[PDB]
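Next comes just one chain, in structure tokens: the form deposited in one PDB entry.
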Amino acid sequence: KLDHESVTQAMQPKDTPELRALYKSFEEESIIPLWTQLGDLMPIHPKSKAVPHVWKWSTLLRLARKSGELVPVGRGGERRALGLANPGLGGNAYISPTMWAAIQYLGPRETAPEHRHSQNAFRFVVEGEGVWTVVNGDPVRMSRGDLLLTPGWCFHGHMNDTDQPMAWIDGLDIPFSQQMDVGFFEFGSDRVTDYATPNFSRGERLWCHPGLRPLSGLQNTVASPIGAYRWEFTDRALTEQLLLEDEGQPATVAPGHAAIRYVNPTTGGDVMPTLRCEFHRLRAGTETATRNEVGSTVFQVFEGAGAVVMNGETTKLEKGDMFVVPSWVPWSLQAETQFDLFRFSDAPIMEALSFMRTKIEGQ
């Protein structure tokens, strides 16, 4: 089938003074013709400006740690968060066209003051403890393996209750929101509104009992009311899938590939309107079938060792390393040991708007 390089170009006008005058009037009148731009504007398949890229956790940690020494956290700058900037996205602090990802660092006894914004956000922890994030006044402990949510427009601030630093990753729909013009922002309290440090938040104490819904929470929500998806449950779910597979029972998405989607328990859908969160566990030796998927995804290695292949290029990966797969880039994971990864993506956007497509090798 023809592409933009092989098709006949039948709209090539004669290069005369009249043509050049027409084209000068276009500039003056804020007009740009489709016929000179077609192939750029409307590619055969997606061709992102973002490139696949890997950031090493050892490098992220060094830069975050040095930032903890040299930059105080507080009002204005709001957070000591270091955004991952895709080399292909022109100097914008965007890991992909839709998503922001950052390593955030909070030192001994620091607080990061309360604010809210339309942009949706989550926190994920490969390692560490000591921080509580207070979401609409509800303190939520942050620990290794936990997904924490802060849906758009919820007040949130954080405090380190400890004499030891903690780091984690943030994901937000900042780049989508900046480009599409949906951002609103409000400064809240200079200190978190509750310094208490309970083991479990009020949201969890209501919503984290499997298959049960409070009669006071019968209205569905656009975002999950669960503030913490704790490691204990994620680990148990993934283990049970591999055990069910051992027993000859359906459960894994693919052979030796256990995986869950974190969900809004009021609907069974995605945690937030713009962001999908998953967790994958591959047995030693597993090699996933190559996928092309519309929209972008980011993974963080939680545990074990393995590799990612993107555009045919293998990169070895270790605990904490992060990678981005832009739209339609062919990708696969290869597990050396048992290989655990946290994943996020802009797939709820693509699916809501009927733009999603998937190609899987061998099917």
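Quick note: we count residues from 1 along the sequence shown, nothing fancier. Heads up, when I say rigid core I mean the largest set of C-alphas that superpose within 1.5 Å between the two forms. Residues that one form lacks are left out of the comparison.
For the segment pair 97-105 and 196-204, the entry gives 196-204 the higher mean B-factor, averaged over Cα atoms. Note on 242-250 vs 224-232: mean CA B-factor is higher in 242-250. Ranking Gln178, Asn264, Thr286, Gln119 by the C-alpha B-factor listed in the PDB entry places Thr286 at the top.
The maximum CA B-factor among the listed residues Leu218, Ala112, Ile174, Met272, taken from the PDB record, is found at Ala112. Annotation for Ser58: CA B-factor lies in the highest third of the chain's modelled residues. In the PDB entry, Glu18 places in the highest third of its chain by CA B-factor. Among the modelled residues of its chain, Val140 has a C-alpha B-factor that falls in the middle third, as given in the PDB entry. When all modelled residues of the chain are sorted by CA temperature factor, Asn86 is found within the lowest third. Among the modelled residues of its chain, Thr314 has a C-alpha B-factor that falls in the middle third, as given in the PDB entry.
Only in words, not in the display: the form deposited in another entry, which the text now covers.
Here the two forms are overlaid on the core, and between this form and the one not shown the C-alpha of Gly77 is the only one among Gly77, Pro108, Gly268, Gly90 to shift by 2 Å or more.
In the other form, the Cα atoms of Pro165 and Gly77 sit 3 Å or more nearer to each other than they do here. Relative to this form, in the other form the C-alpha atoms of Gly76 and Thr162 approach one another by 3 angstroms or more. Against the superposed rigid core, the only consecutive-residue run (3 or more long) showing CA movement of at least 2 Å between this form and the one not shown spans 72-79.
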